[PDB]
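Quick setup: one chain, the form deposited in one PDB entry, written in structure tokens, and binding and motion questions come after.
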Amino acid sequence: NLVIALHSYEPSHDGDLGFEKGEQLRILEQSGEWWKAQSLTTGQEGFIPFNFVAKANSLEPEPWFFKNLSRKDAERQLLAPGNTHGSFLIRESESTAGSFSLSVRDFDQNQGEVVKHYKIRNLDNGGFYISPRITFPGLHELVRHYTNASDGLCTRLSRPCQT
């Protein structure tokens, strides 16, 4: 039963478990507002405020995932300096239930900066795809695949868009 620390914590009361942002902890007891958690590193266990951790692999903490972004918003943000070719982000679709959209910094034929948009369609049960030939159990796996090979995308995904 595993979670990632959202911030660092230094024990205030006793019985408290200190931890650090990004640390992985297993949850031994889910009862109340203070959970009994286990450190995957040190094997250590104590009580933590529950709002300081999240399920691992959850979508929101991903540096490439952006909330409340329209197509034009994403395009704007990706064009802004600090982002270069290959920079990318994924946002939830505003017009279609269950689907997402990938935006990737690209170059036109004049070596000018442009942004390319790809619909990420959802598969009736588990997964996601851009091309129906290539499917993934989830968005993390999709991002990982196209980081490694562009496979029809304008370029391989590199740096998540700057916040």
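Numbers follow the displayed sequence, beginning with 1.
Although it is not shown, the form solved in complex with a partner chain is what the next lines describe.
Proximity to its partner chain in the deposited bound form, defined as a heavy atom within 4.5 Å, singles out one entry of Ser58, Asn68, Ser131, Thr41, which is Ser131. In the deposited bound form, its partner chain sits within 4.5 Å of a heavy atom belonging to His85. In the deposited bound form, no heavy atom of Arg26 sits within 4.5 Å of its partner chain. Hinge residue, chosen from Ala56, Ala97, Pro81, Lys21: the C-alphas switch from fitting one rigid part better to fitting the other at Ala56 when the forms are compared between the shown form and the other one. Expansion of the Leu59-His7 CA spacing by 3 Å or more is recorded in the deposited bound form, set against this form. In the deposited bound form, the CA atoms of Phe66 and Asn51 move apart by 3 angstroms or more relative to this form.
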